[PDB]
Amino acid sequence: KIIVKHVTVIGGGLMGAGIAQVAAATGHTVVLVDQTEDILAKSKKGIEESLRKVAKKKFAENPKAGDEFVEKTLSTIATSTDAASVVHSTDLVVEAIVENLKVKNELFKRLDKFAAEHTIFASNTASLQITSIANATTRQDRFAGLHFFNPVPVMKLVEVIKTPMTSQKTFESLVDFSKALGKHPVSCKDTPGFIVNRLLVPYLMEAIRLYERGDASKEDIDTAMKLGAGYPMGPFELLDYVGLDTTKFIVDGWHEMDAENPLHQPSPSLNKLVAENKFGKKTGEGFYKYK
C-alpha cells in the first residue's frame, strides 16, 4: 500500500483549487494543472486569497504566524499546464475538469501512459460513471472516485468511490489520504449521485414541484425546512447556492438514463431560469435576487 505524498490536481477551478489548497495545507507536495498560465495564475491568487482569510482567523493573534502559514502552503503548490509532464513521479492524480466524459477519458488515456506504476487516478466527477472513465485506461485497479464538496476548504466530507475493479490497496490509500487531508471518508458503489447528491438533488426537485403545483410559496417552504427539519438552508436558498445550472445538468442526466422515471421529470421553473441565465448566487440571481 502506497502513502500519498505527491498529488497532481488537474483543474484549477472551484473544486480543484479547493482540493489543491487542502492538500498543500496538510503537507502534501502539490502540482496544480490547468489549460493556461493565465488561468493557473488566477487560481493560485484565489487559493492565496482563500488562505489569508483562513490565516487572519486561525492566527488572529499573531499576524506573522498567519503569514508564514500562507507562504509555506502556497509554496508547496507548483503549477503546470501539461499534467503529463509531472505525473511520472506523482502518487495520486485528482481530476476535476469539465464534467464531460469524452474529455476526461481522453485525459486519463493519455496520462495513463506518463504516470508511474504506483500512481492512483481519482475523478471528483459529480454525475458520470467512475467505471466508465476508469475503462479509458488499463489501470482500473488503481482507479476510483474521490468526490469532495464545495467549498472544499470547509466541507469535511469526501466520498471514496469504488468501481468493481478498484483494488483494496487502492481504496485504503484513498481513505488514508482523505484522513490525512483532515476529511472524513465514506464508501459508496459506483452509482449515480453516490450518496449526498442521490439523496439531496431529488429532494430539491420535489421542493420545486410543491412550489410549481402552487401548494406553497418558496419563502414558506424554505422556512418550513429550516425550522421543522433543522436544515441550514431552505431548498430554494440551497438551489441558488449550488447552482441551478449544475442541478439542471445533473437531473437531465438521470432523466436521460431513465425517462419513464417520474423522479427526474424536468422542471419548467428550473428550465426557464436556466434559460434566463439566472443561475443563482453565481450570477447574482436564481430563484432569489442577490447583491
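Heads up: residue numbers just count along the shown sequence, starting at 1.
Relative to one another, 218-226 and 59-67 have unequal mean CA B-factors, and 59-67 is the one with the higher figure.
The deposited model assigns a higher average Cα B-factor to 261-269 than to the other stretch when 29-37 and 261-269 are compared.
Considering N197, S80, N150, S178 together, the PDB entry gives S80 the largest C-alpha B factor.
Per-chain ranking of the deposited C-alpha B factor places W254 in the highest third. Sort the chain's modelled residues by C-alpha temperature factor and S123 lands in the lowest third, per the entry. Ranked against the other modelled residues of its chain, the C-alpha B-factor of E106 as given in the entry falls in the highest third. Looking at the C-alpha B-factors along this chain, the one for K72 belongs to the highest third. Per-chain ranking of the deposited C-alpha B factor places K156 in the lowest third.
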